[PDB]
Structures are given as C-alpha cells and as structure tokens.
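Asker: Here the protein sequences come in this chain order: N and A.
In terms of PDB author numbering, the first sequence is numbered consecutively and its last residue is 85.
In terms of PDB author numbering, the second sequence is numbered consecutively and its last residue is 645.
The beta carbon of each residue, even a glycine, is placed where N, CA and C say it ideally should be.
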Amino acid sequence: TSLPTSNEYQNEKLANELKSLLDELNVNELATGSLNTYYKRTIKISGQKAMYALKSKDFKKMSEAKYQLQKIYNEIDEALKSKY
Amino acid sequence: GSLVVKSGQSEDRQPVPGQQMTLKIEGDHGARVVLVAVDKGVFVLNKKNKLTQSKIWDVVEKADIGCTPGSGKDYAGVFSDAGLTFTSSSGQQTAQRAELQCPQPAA
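1) On a Cα-Cα basis, can you pick out the residue from N:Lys61, N:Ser64, N:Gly34 and N:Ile46 that is closest to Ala80 of chain N?
2) List the residues of chain N that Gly565 of chain A touches, going by C-beta distances under 8 Å, in chain order.
3) Leaving aside the five residues before and after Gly621 of chain A along the sequence, list all residues of the same chain whose C-beta is less than 6 Å from its C-beta, in chain order.
4) Near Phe60 of chain N, what residues of its chain come up, given a Cβ to Cβ distance below 8 Å and the 5 sequence neighbours on each side ignored?
5) Note down, in chain order, all residues in the region 26-56 of chain N with a beta-carbon under 7 Å from any beta-carbon belonging to chain A.
6) Between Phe617 of chain A and the ligand FMN, is there a pair consisting of the residue's CB and a ligand heavy atom that are separated by less than 6 Å?
7) Could you check the C-alpha separation between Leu19 of chain N and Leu31 of chain N for me, to the nearest Å?
8) Please list the partners that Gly556 of chain A has in chain N, where partner means a Cβ-to-Cβ separation under 7 Å.
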C-alpha cells in the first residue's frame, strides 16, 4: 500500500504515547490514595487534561498533557520509593 | 556561627501550592536548628516583637558593666569605668562600686 503521509504517522505516534499513560492512570490515581493529598489533587487535575486531549485530537493539548501527566507520574514514583 | 537557609532547587520559580521542594540548610557542624514557616500577612498585621540576632547583641550590650568608651580621671578611674577591679600589695586599688548599673549622663 501507499505509505502514511507526513503528519498522520506523527499524530498517531503522539496518540500512542498518550494511550500508554492512560492505561495506568487508574493504577496511578489509586496509588495516590495511600499518599498525601497534594498528589491526589494533582493527578485528578492532570488526568482529565490527558483524557480530553486524546478524544479531541488537538495537537497542543496532547503535547502538554503528555509531559504534564509524565511529571506527576515521576512524583508518584519518587513518593512510593521514599514512603517505602 | 553561620546558619544560612536557602532553596535547594535552582529553577521552577514560584512553585505550585502543595509542591515538594528541597530546603537546603548550611550551618555549623554539631548544631541543633529550630524552624517555623509563617505567612507574611501575619507580619503585615503585626510585625512587633520579632526576635533577631541584632537584638540579641543589643540585650548583651545593655547588660554590659562598663560605662565609658575608655580613658579615665586616673589609673583607678580607667579600670572602674572599664569594669575592672585592681588591688595591689603596696596599697593602690580601684574605687569602690556598690551599684550594678552605670551612672547616668547629665544629658
């Protein structure tokens, strides 16, 4: 077949990255349940930003919510290692 | 000593409410440090009676027993105004002082 044209492969790559974090969002939203109220405040604010970005397919929001949801995921991972 | 409190982070100016940040504390080895973090709006309401190191040295200077910036009427007046007593076996000794406070200037 004809190979995918220009932006179509790039937008699909961004959607696959956002889809990967949303699979463990329910795990991470849970994982803040035994953590401090800041993490639980941050992830539910950051979670809807990723959820809307995937279904709206806006490039600006899908870029920002990818790095935003990655940031709180790093904070949770450092929280769970420091809490033991 | 030399106690200094600064930020551990070098970026992310104005952090978000609830965010984790690193408090960096440089100070003398073996020292015990106490902390309190207050909103400045308390101090805009009432900033009186705040303790500082300059007021500590001011309290010590108010507890000083010397009353004059040096010199004196004689050798005995030199020691007595400085805050010292002297007594020799030959007989020369300082003036008697029975008051803890310093004599008040005429002003």
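Answerer: Looking at the atomic coordinates:
1) Taking the first residue of the first sequence as 1, we reach residue 80 of chain N at position 79. It is N:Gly34.
2) Along the second sequence, one-based indexing puts residue 565 of chain A at 27. Under the 8 Å cutoff, chain N gives no residues; its nearest Cβ is about 24 Å from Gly565 of chain A.
3) Working through the second sequence from its first residue, we reach residue 621 of chain A at position 83. Closer than 6 Å at Cβ, skipping near neighbours: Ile603 and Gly604.
4) Taking the first sequence and counting its residues from 1, the one referred to as residue 60 of chain N is at position 59. Cβ neighbours of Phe60 of chain N beyond the five flanking positions: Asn12 and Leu15.
5) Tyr39 and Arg42
6) Looking at this structure, you won't find the ligand FMN or any other ligand, since it has none at all.
7) The count along the first sequence starts at 1 and reaches residue 19 of chain N at position 18. The count along the first sequence starts at 1 and reaches residue 31 of chain N at position 30. If I take the Cα positions, the gap works out to 19 Å.
8) Counting from 1 along the second sequence, the entry for residue 556 of chain A is found at position 18. The answer, in chain order, is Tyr39 and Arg42.
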